[PDB]
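Pasted below: work.tsv, TSV, C-alpha atoms.
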```
chain	number	residue	atom	x	y	z
A	1	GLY	CA	46.20	-16.91	-1.40
A	2	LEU	CA	43.30	-17.20	-3.85
A	3	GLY	CA	45.00	-17.73	-7.20
A	4	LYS	CA	47.89	-15.49	-8.22
A	5	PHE	CA	48.68	-16.36	-11.84
A	6	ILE	CA	50.83	-13.31	-12.60
A	7	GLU	CA	53.24	-14.55	-9.93
A	8	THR	CA	53.97	-17.70	-11.93
A	9	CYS	CA	53.17	-16.34	-15.40
A	10	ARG	CA	54.94	-14.04	-17.85
A	11	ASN	CA	54.26	-12.24	-21.14
A	12	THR	CA	50.67	-11.38	-20.24
A	13	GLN	CA	48.64	-9.94	-23.10
A	14	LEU	CA	45.14	-9.59	-24.48
A	15	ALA	CA	43.93	-11.68	-27.38
A	16	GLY	CA	40.82	-11.13	-29.48
A	17	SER	CA	38.17	-8.84	-27.99
A	18	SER	CA	37.96	-10.55	-24.60
A	19	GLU	CA	40.79	-13.07	-24.25
A	20	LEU	CA	43.95	-13.21	-22.14
A	21	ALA	CA	46.86	-15.37	-23.26
A	22	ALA	CA	50.11	-15.97	-21.39
A	23	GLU	CA	52.81	-18.53	-20.63
A	24	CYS	CA	52.93	-20.18	-17.20
A	25	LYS	CA	55.52	-22.44	-15.61
A	26	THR	CA	54.36	-25.98	-14.85
A	27	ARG	CA	55.26	-28.20	-11.88
A	28	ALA	CA	58.54	-29.22	-13.53
A	29	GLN	CA	59.56	-25.57	-13.92
A	30	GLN	CA	58.63	-25.62	-17.59
A	31	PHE	CA	56.92	-22.64	-19.24
A	32	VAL	CA	53.91	-23.54	-21.38
A	33	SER	CA	51.37	-21.61	-23.46
A	34	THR	CA	48.03	-21.01	-21.71
A	35	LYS	CA	44.99	-18.78	-22.18
A	36	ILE	CA	42.06	-17.57	-20.09
A	37	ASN	CA	38.84	-16.43	-21.78
A	38	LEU	CA	37.44	-13.24	-20.22
A	39	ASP	CA	34.35	-13.13	-22.46
A	40	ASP	CA	32.41	-15.60	-20.28
A	41	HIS	CA	34.22	-14.56	-17.10
A	42	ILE	CA	34.48	-10.77	-17.23
A	43	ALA	CA	31.50	-8.56	-18.10
A	44	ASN	CA	30.56	-4.91	-18.63
A	45	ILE	CA	28.46	-3.36	-15.87
A	46	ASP	CA	27.48	0.24	-16.77
A	47	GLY	CA	30.87	0.86	-18.32
A	48	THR	CA	32.65	-0.72	-15.35
A	49	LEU	CA	34.52	-4.02	-15.52
A	50	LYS	CA	33.00	-6.55	-13.14
A	51	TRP	CA	32.89	-10.34	-12.84
A	52	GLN	CA	29.79	-11.85	-14.46
A	53	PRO	CA	28.95	-14.35	-17.28
A	54	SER	CA	28.48	-11.63	-19.88
A	55	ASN	CA	30.83	-10.37	-22.59
A	56	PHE	CA	31.90	-6.83	-21.77
A	57	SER	CA	33.20	-6.70	-25.35
A	58	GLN	CA	29.60	-6.04	-26.45
A	59	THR	CA	29.97	-2.53	-25.02
A	60	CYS	CA	33.75	-2.24	-24.95
A	61	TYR	CA	36.41	-1.65	-27.58
A	62	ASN	CA	40.20	-1.36	-27.70
A	63	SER	CA	40.65	-3.96	-24.97
A	64	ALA	CA	44.18	-4.13	-23.59
A	65	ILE	CA	46.03	-6.05	-20.89
A	66	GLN	CA	49.17	-5.33	-18.90
A	67	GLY	CA	50.47	-7.84	-16.40
A	68	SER	CA	47.63	-9.05	-14.18
A	69	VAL	CA	45.34	-6.04	-14.73
A	70	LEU	CA	42.96	-5.68	-17.68
A	71	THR	CA	42.48	-2.26	-19.29
A	72	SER	CA	39.60	-1.67	-21.71
A	73	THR	CA	37.26	1.12	-22.86
A	74	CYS	CA	33.56	0.55	-22.13
A	75	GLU	CA	30.40	2.49	-22.94
A	76	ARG	CA	28.46	3.95	-20.01
A	77	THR	CA	24.70	3.37	-19.71
A	78	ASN	CA	24.18	7.15	-19.88
A	79	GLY	CA	26.09	7.27	-23.17
A	80	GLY	CA	29.73	7.89	-23.92
A	81	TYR	CA	32.95	5.91	-23.49
A	82	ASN	CA	35.07	5.19	-20.42
A	83	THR	CA	37.92	2.74	-19.75
A	84	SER	CA	38.05	0.82	-16.47
A	85	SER	CA	40.75	-1.30	-14.84
A	86	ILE	CA	40.46	-4.53	-12.85
A	87	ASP	CA	42.90	-6.94	-11.15
A	88	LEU	CA	42.35	-10.64	-11.93
A	89	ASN	CA	45.39	-12.03	-10.03
A	90	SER	CA	42.82	-13.37	-7.55
A	91	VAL	CA	40.31	-14.81	-10.03
A	92	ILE	CA	42.73	-16.51	-12.44
A	93	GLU	CA	45.18	-19.15	-11.21
A	94	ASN	CA	48.06	-21.19	-12.67
A	95	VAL	CA	47.17	-24.88	-12.66
A	96	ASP	CA	50.10	-26.93	-14.01
A	97	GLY	CA	50.62	-24.29	-16.69
A	98	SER	CA	46.98	-23.39	-17.28
A	99	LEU	CA	44.94	-20.33	-16.30
A	100	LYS	CA	42.02	-21.32	-14.06
A	101	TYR	CA	39.13	-19.25	-12.71
A	102	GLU	CA	39.35	-20.19	-9.03
```

Could you write out this structure as structure tokens?
Amino acid sequence: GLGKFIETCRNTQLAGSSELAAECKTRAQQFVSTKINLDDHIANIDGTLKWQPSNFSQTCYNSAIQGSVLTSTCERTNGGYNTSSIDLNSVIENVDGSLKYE
């Protein structure tokens, strides 16, 4: 185990250009509203989604999220557009109803 937020979270969706918002059950089995910012977490590396303190959004458009995986279209260094997918279930975690990067 190294996180697993999608296991205790529902209604996962993308907000803004690089934001993920969802509801996660707290210790008392109560579902609360929480959000994880991907702009400072996720980045765009040559059109590929990788973890780094850089906003992929600067080279990506039409960002979308489904469950625990993030789907977005990013520009490639050689020119053009390409969408990549990445699983954050490991990076993000559910801390008392809050998405945490650890």

Quick one: what's the axis-aligned box for region 50-60 of chain A, all listed atoms, 6 Å on every side, centre and edges in Å to one decimal, as lines of an AutoDock Vina configuration file?
```
center_x = 31.1
center_y = -8.3
center_z = -19.6
size_x = 17.3
size_y = 24.1
size_z = 25.6
```

Sorted by chain and rising residue number, list the residues of region 33-82 of chain A at most 12 Å from region 89-97 of chain A (counting only C-alpha atoms), each with its closest atom pair and distance in Å to one decimal, as JSON lines.
```
{"residue": "A:33", "atom": "CA", "partner": "A:97", "partner_atom": "CA", "distance": 7.3}
{"residue": "A:34", "atom": "CA", "partner": "A:97", "partner_atom": "CA", "distance": 6.5}
{"residue": "A:35", "atom": "CA", "partner": "A:97", "partner_atom": "CA", "distance": 9.6}
{"residue": "A:36", "atom": "CA", "partner": "A:92", "partner_atom": "CA", "distance": 7.8}
{"residue": "A:37", "atom": "CA", "partner": "A:92", "partner_atom": "CA", "distance": 10.1}
{"residue": "A:38", "atom": "CA", "partner": "A:92", "partner_atom": "CA", "distance": 10.0}
{"residue": "A:41", "atom": "CA", "partner": "A:91", "partner_atom": "CA", "distance": 9.3}
{"residue": "A:42", "atom": "CA", "partner": "A:91", "partner_atom": "CA", "distance": 10.1}
{"residue": "A:50", "atom": "CA", "partner": "A:91", "partner_atom": "CA", "distance": 11.5}
{"residue": "A:51", "atom": "CA", "partner": "A:91", "partner_atom": "CA", "distance": 9.1}
{"residue": "A:52", "atom": "CA", "partner": "A:91", "partner_atom": "CA", "distance": 11.8}
{"residue": "A:66", "atom": "CA", "partner": "A:89", "partner_atom": "CA", "distance": 11.7}
{"residue": "A:67", "atom": "CA", "partner": "A:89", "partner_atom": "CA", "distance": 9.2}
{"residue": "A:68", "atom": "CA", "partner": "A:89", "partner_atom": "CA", "distance": 5.6}
{"residue": "A:69", "atom": "CA", "partner": "A:89", "partner_atom": "CA", "distance": 7.6}
{"residue": "A:70", "atom": "CA", "partner": "A:89", "partner_atom": "CA", "distance": 10.2}
```

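Put simply, CA of residue 6 (chain A) is 27.3 Å away from CA of residue 46 (chain A).
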
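Closest approach to residue 79 (chain A) from the set A:98, A:17, A:11, A:59 is made by A:59, with distances taken over all atoms listed in the file.
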
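Interatomic distance, CA of residue 102 (chain A) against CA of residue 83 (chain A): 25.4 Å.
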
Near residue 10 (chain A), within 10 Å and counting all atoms listed in the file, which residues show up once chain neighbours fewer than 5 positions away are dropped, as a compact mmCIF listing (two decimals) with C-alpha atoms, in the frame of the given file?
```
# COMPACT_ATOMS: atom_id res chain seq x y z
CA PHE A 5 48.68 -16.36 -11.84
CA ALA A 21 46.86 -15.37 -23.26
CA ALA A 22 50.11 -15.97 -21.39
CA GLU A 23 52.81 -18.53 -20.63
CA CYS A 24 52.93 -20.18 -17.20
CA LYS A 25 55.52 -22.44 -15.61
CA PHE A 31 56.92 -22.64 -19.24
CA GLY A 67 50.47 -7.84 -16.40
CA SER A 68 47.63 -9.05 -14.18
```

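Nearest-residue note for residue 45 (chain A): choosing from A:8, A:71, A:77, A:62, the minimum distance belongs to A:77, counting all atoms listed in the file.
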
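Between residue 101 (chain A) and the candidates A:30, A:40, A:18, A:76, the tightest atom-to-atom separation, counting only C-alpha atoms, involves A:40.
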
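Comparing the minimum interatomic distances between residue 3 (chain A) and each of A:54, A:88, A:49, A:39, counting all atoms listed in the file, we find that A:88 sits nearest.
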
Calculated over all atoms listed in the file, which of the candidates A:15, A:99, A:43, A:53 has the smallest distance to residue 84 (chain A)?
A:43

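Going from CA of residue 7 (chain A) to CA of residue 72 (chain A) covers 22.2 Å.
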
So which one's closest to residue 85 (chain A), A:65, A:20, A:28, A:60? Using only C-alpha atoms, please.
A:65

Using the atoms already present, construct N, CA, C and O atoms for region 44-64 of chain A and hand them back as a PDB file, in the coordinates of the input.
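Done, and the output landed in out19.pdb:
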```pdb
ATOM      1  N   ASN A  44      30.624  -6.367 -18.648  1.00  0.00           N
ATOM      2  CA  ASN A  44      30.560  -4.910 -18.630  1.00  0.00           C
ATOM      3  C   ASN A  44      29.322  -4.437 -17.872  1.00  0.00           C
ATOM      4  O   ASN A  44      28.193  -4.626 -18.326  1.00  0.00           O
ATOM      5  N   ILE A  45      29.545  -3.840 -16.710  1.00  0.00           N
ATOM      6  CA  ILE A  45      28.460  -3.360 -15.870  1.00  0.00           C
ATOM      7  C   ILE A  45      28.405  -1.824 -15.826  1.00  0.00           C
ATOM      8  O   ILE A  45      29.053  -1.199 -14.985  1.00  0.00           O
ATOM      9  N   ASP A  46      27.619  -1.224 -16.725  1.00  0.00           N
ATOM     10  CA  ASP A  46      27.480   0.240 -16.770  1.00  0.00           C
ATOM     11  C   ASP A  46      28.804   0.912 -17.085  1.00  0.00           C
ATOM     12  O   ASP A  46      29.107   1.982 -16.555  1.00  0.00           O
ATOM     13  N   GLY A  47      29.590   0.290 -17.952  1.00  0.00           N
ATOM     14  CA  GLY A  47      30.870   0.860 -18.320  1.00  0.00           C
ATOM     15  C   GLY A  47      31.984   0.485 -17.358  1.00  0.00           C
ATOM     16  O   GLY A  47      33.129   0.899 -17.539  1.00  0.00           O
ATOM     17  N   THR A  48      31.657  -0.302 -16.334  1.00  0.00           N
ATOM     18  CA  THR A  48      32.650  -0.720 -15.350  1.00  0.00           C
ATOM     19  C   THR A  48      32.892  -2.225 -15.441  1.00  0.00           C
ATOM     20  O   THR A  48      31.951  -3.010 -15.569  1.00  0.00           O
ATOM     21  N   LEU A  49      34.160  -2.617 -15.403  1.00  0.00           N
ATOM     22  CA  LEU A  49      34.520  -4.020 -15.520  1.00  0.00           C
ATOM     23  C   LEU A  49      34.263  -4.758 -14.206  1.00  0.00           C
ATOM     24  O   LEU A  49      34.843  -4.443 -13.166  1.00  0.00           O
ATOM     25  N   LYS A  50      33.377  -5.743 -14.287  1.00  0.00           N
ATOM     26  CA  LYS A  50      33.000  -6.550 -13.140  1.00  0.00           C
ATOM     27  C   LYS A  50      32.922  -8.021 -13.546  1.00  0.00           C
ATOM     28  O   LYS A  50      32.848  -8.342 -14.732  1.00  0.00           O
ATOM     29  N   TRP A  51      32.943  -8.911 -12.564  1.00  0.00           N
ATOM     30  CA  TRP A  51      32.890 -10.340 -12.840  1.00  0.00           C
ATOM     31  C   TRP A  51      31.445 -10.826 -12.989  1.00  0.00           C
ATOM     32  O   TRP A  51      30.643 -10.719 -12.061  1.00  0.00           O
ATOM     33  N   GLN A  52      31.127 -11.353 -14.169  1.00  0.00           N
ATOM     34  CA  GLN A  52      29.790 -11.850 -14.460  1.00  0.00           C
ATOM     35  C   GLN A  52      29.759 -12.511 -15.842  1.00  0.00           C
ATOM     36  O   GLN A  52      30.410 -12.032 -16.770  1.00  0.00           O
ATOM     37  N   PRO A  53      29.025 -13.631 -15.998  1.00  0.00           N
ATOM     38  CA  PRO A  53      28.950 -14.350 -17.280  1.00  0.00           C
ATOM     39  C   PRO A  53      28.263 -13.543 -18.370  1.00  0.00           C
ATOM     40  O   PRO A  53      27.164 -13.874 -18.817  1.00  0.00           O
ATOM     41  N   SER A  54      28.948 -12.502 -18.811  1.00  0.00           N
ATOM     42  CA  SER A  54      28.480 -11.630 -19.880  1.00  0.00           C
ATOM     43  C   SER A  54      29.688 -10.981 -20.532  1.00  0.00           C
ATOM     44  O   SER A  54      30.638 -10.611 -19.848  1.00  0.00           O
ATOM     45  N   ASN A  55      29.687 -10.911 -21.854  1.00  0.00           N
ATOM     46  CA  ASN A  55      30.830 -10.370 -22.590  1.00  0.00           C
ATOM     47  C   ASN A  55      30.847  -8.850 -22.628  1.00  0.00           C
ATOM     48  O   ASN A  55      30.123  -8.223 -23.401  1.00  0.00           O
ATOM     49  N   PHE A  56      31.722  -8.274 -21.819  1.00  0.00           N
ATOM     50  CA  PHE A  56      31.900  -6.830 -21.770  1.00  0.00           C
ATOM     51  C   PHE A  56      32.131  -6.280 -23.176  1.00  0.00           C
ATOM     52  O   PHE A  56      31.685  -5.187 -23.521  1.00  0.00           O
ATOM     53  N   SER A  57      32.854  -7.066 -23.975  1.00  0.00           N
ATOM     54  CA  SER A  57      33.200  -6.700 -25.350  1.00  0.00           C
ATOM     55  C   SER A  57      32.015  -6.146 -26.137  1.00  0.00           C
ATOM     56  O   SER A  57      32.204  -5.399 -27.097  1.00  0.00           O
ATOM     57  N   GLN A  58      30.798  -6.512 -25.746  1.00  0.00           N
ATOM     58  CA  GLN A  58      29.600  -6.040 -26.450  1.00  0.00           C
ATOM     59  C   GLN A  58      29.424  -4.534 -26.292  1.00  0.00           C
ATOM     60  O   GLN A  58      28.731  -3.898 -27.088  1.00  0.00           O
ATOM     61  N   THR A  59      30.054  -3.965 -25.272  1.00  0.00           N
ATOM     62  CA  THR A  59      29.970  -2.530 -25.020  1.00  0.00           C
ATOM     63  C   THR A  59      31.354  -1.920 -24.861  1.00  0.00           C
ATOM     64  O   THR A  59      31.485  -0.753 -24.492  1.00  0.00           O
ATOM     65  N   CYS A  60      32.388  -2.713 -25.103  1.00  0.00           N
ATOM     66  CA  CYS A  60      33.750  -2.240 -24.950  1.00  0.00           C
ATOM     67  C   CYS A  60      34.574  -2.466 -26.206  1.00  0.00           C
ATOM     68  O   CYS A  60      34.332  -3.406 -26.963  1.00  0.00           O
ATOM     69  N   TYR A  61      35.536  -1.581 -26.424  1.00  0.00           N
ATOM     70  CA  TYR A  61      36.410  -1.650 -27.580  1.00  0.00           C
ATOM     71  C   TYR A  61      37.827  -1.238 -27.190  1.00  0.00           C
ATOM     72  O   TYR A  61      38.027  -0.564 -26.175  1.00  0.00           O
ATOM     73  N   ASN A  62      38.806  -1.670 -27.977  1.00  0.00           N
ATOM     74  CA  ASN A  62      40.200  -1.360 -27.700  1.00  0.00           C
ATOM     75  C   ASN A  62      40.636  -1.978 -26.374  1.00  0.00           C
ATOM     76  O   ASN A  62      41.261  -1.322 -25.539  1.00  0.00           O
ATOM     77  N   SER A  63      40.293  -3.247 -26.189  1.00  0.00           N
ATOM     78  CA  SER A  63      40.650  -3.960 -24.970  1.00  0.00           C
ATOM     79  C   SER A  63      42.151  -4.199 -24.925  1.00  0.00           C
ATOM     80  O   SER A  63      42.759  -4.592 -25.920  1.00  0.00           O
ATOM     81  N   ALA A  64      42.744  -3.951 -23.765  1.00  0.00           N
ATOM     82  CA  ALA A  64      44.180  -4.130 -23.590  1.00  0.00           C
ATOM     83  C   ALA A  64      44.514  -4.702 -22.219  1.00  0.00           C
ATOM     84  O   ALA A  64      43.809  -4.455 -21.243  1.00  0.00           O
TER      85      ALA A  64
END
```
